[PDB]
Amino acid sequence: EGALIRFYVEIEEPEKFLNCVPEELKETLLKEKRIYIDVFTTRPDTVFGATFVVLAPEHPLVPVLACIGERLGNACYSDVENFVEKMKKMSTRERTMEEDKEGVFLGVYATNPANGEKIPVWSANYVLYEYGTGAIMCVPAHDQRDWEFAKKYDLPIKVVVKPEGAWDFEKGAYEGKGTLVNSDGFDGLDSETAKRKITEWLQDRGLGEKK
């Protein structure tokens, strides 16, 4: 159990990017001006502190978004192709055991449905296509693997679960329970009921669902 959350890439002029979107995504694209990235989390109470999105290397949206990223002059297409082909050679065991985080920027920015903030979309080794939806939202302040990744590629850290005791966030991530900060009208809530309240709030907006 947890939450499916609908992050989305806003595309201002959908028409000029149609030549690298698959047929079954074209409709939603030229009417909502969106490509959705379904994400699975067990920490929906941390959603306000997402500063990036990661897709598994084998996720079908990787070549799609990278094409778009290229068009906008924000990504290196060959670097992504190289990354995906290399990562496809590895087994599950080999990717989990990797001490170092490797990733590539796709050149696009997802919209965080919790606060409307634009965040980079990356692909990375530690994310497996098989688990959940093949995509995660990343909260470096509260997820240790995302913390290492952000450290490795100079990505923003943002605190949304304040601990009772003291903690230093530029030395590591706090993965425990606390009080919500920088979380709109969910500030002050304890983490556990925030999981329920944010999930239900997103569910009612058609941008989430309980799992």
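We number the residues from 1 along the sequence you see.
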item: Residue stretch of maximal mean CA temperature factor, 41-49 vs 177-185; value: 177-185
item: Higher-B stretch (mean Cα B-factor, as the entry records it), 58-66 or 157-165; value: 157-165
item: Residue selected from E117, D100, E85, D79 by maximal Cα B factor; value: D100
item: Cα B factor band for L30 (lowest, middle or highest third within the chain); value: highest
item: Chain-relative CA temperature factor third for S91; value: middle
item: CA B-factor placement of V9, once the chain's modelled residues are sorted into thirds; value: lowest
item: Within-chain third of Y131 by Cα B-factor, per the entry; value: highest
